[PDB]
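Right, one structure below, let's go through it.
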Amino acid sequence: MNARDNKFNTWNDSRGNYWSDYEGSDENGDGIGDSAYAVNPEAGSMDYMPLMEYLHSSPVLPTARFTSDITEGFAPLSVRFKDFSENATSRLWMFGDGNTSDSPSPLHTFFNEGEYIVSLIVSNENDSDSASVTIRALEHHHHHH
């Protein structure tokens, strides 16, 4: 049995009401109107081209022409060929023996008969012309009844 005098009480108290406000109002705009006009009059439809035509320049070419002494008959001993080569640089006599153009005789001796073909051929810087004729030397006693 004893006595004790004690009183206990603890006071803690916190009070406060705090707040903030967002203040954010700002404007920034942009813009630009640009017009552009170039002065273009018309289109360049400008075209000029003249015409000069010439004619066809007609060239001259040779002609190998000749006459045979006989055309048909008995084979003779003198058959002179007369050439009528026109527009020719040179006339070439081709018999088929040895050389050519240089013939020792304008007349030829047919020692036998037969059907020959003589060809005169001429040459020129433009063209060359050759023509042949059938030399008909008839065989003796060849027509049998």
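Bear in mind these aren't lab numbers, they're just calculated from the coordinates by the rules spelled out. Virtual Cβ from ideal backbone geometry, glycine too; neighbours counted across all protein chains shown.
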Taking region 91-119 and keeping residues surrounded by fewer than 12 Cβ atoms within 10 Å (Cβ to Cβ) and of a type in the set (A, V, I, L, M, F, W, C) leaves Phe111, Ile117
Considering region 49-75, residues that are without any contact (Cβ under 8 Å) to a residue 60 or more places away in the chain and touching a strand residue (DSSP E or B) at 6+ places or on another chain (Cβ under 8 Å), and then whichever is farthest from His141 (Cα to Cα), we arrive at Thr67
Pairing a residue in region 130-145 that is without any contact (Cβ under 8 Å) to a residue 40 or more places away in the chain with any residue that is not in a strand (DSSP E or B), where Cβ atoms lie under 7 Å and the two sit 6 or more apart in sequence or on different chains, gives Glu139/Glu113
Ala43 fails exactly one of (1) assigned to a strand (DSSP E or B); (2) free of Cβ contacts under 8 Å to residues at least 24 places away in the same chain, namely (1)
Every listed condition ((1) touching a residue at least 24 places away in the same chain (Cβ under 8 Å); (2) on the phi > 0 side of the Ramachandran plot) holds for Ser101 save (1)
Reported set for region 67-90 where residues are farther than 24 Å from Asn124 by Cβ, surrounded by 14 or more Cβ atoms within 10 Å (Cβ to Cβ) and touching a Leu at 6+ places or on another chain (Cβ under 8 Å) is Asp69, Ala75, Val79
Note: among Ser14, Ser35, just one is within 60 Å of the chain's Cα centre (by Cα) and either exposed (fewer than 10 other Cβ atoms within 10 Å of the Cβ) or touching a residue at least 40 places away in the same chain (Cβ under 8 Å) (or both), namely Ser35
Suppose the filter is surrounded by fewer than 10 Cβ atoms within 10 Å (Cβ to Cβ), within 13 Å of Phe74 (Cα to Cα) and not hydrophobic (A, V, I, L, M, F, W, C); does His140 pass it?
yes
